[PDB]
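**Student:**
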Amino acid sequence: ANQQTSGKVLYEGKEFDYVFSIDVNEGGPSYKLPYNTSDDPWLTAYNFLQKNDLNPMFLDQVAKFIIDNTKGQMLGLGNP
Numbered sequence: 049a050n051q052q053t054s055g056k057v058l059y060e061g062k063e064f065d066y067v068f069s070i071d072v073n074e075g076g077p078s079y080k081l082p083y084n085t086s087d088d089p090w091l092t093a094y095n096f097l098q099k100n101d102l103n104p105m106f107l108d109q110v111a112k113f114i115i116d117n118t119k120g121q122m123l124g125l126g127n128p
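Residue 128, in the authors' numbering, is where the sequence shown stops; the numbers in between run on with no holes.
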């Protein structure tokens, strides 16, 4: 991908392709998961997970949502 600033997401103070908004559940601290569509779910998720020192259990939930952003239902929909 080598495009211009179409609809890039600003997480805290940096801009990325698409970032997810992550609440652990407690209203704080609020996390965001920056994703670049050229990268893998597990890798993007792991990168944020290791960076924020999250539990590797979250890796699946973040990566799968990352996938949804490039998959049907969420992005491709697929509604007859």
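We treat Cβ as the ideally placed atom computed from N, Cα and C, and that holds for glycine.
List, from N- to C-terminal side, the beta strand (DSSP E) runs of 3 residues or more that fit wholly inside the region 76-118.
**Tutor:** 79-83
**Student:** By the 10 Å Cβ neighbour count, where 16 or more other Cβ atoms means buried, how is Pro82 classified, buried or exposed?
**Tutor:** buried
**Student:** Measure the beta-carbon distance from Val110 to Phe68 and round it to whole angstroms, keeping in mind my assumption that it falls under 8 Å.
**Tutor:** 7 Å
**Student:** With a 10 Å radius around its C-beta and 16 neighbouring C-beta atoms as the bar for buried, classify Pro77 as buried or exposed.
**Tutor:** Counting the other Cβ atoms within 10 Å of the Cβ of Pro77 gives fewer than 16, which makes it exposed.
**Student:** According to DSSP, is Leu123 helix, strand or coil?
**Tutor:** It is coil, neither helix nor strand.
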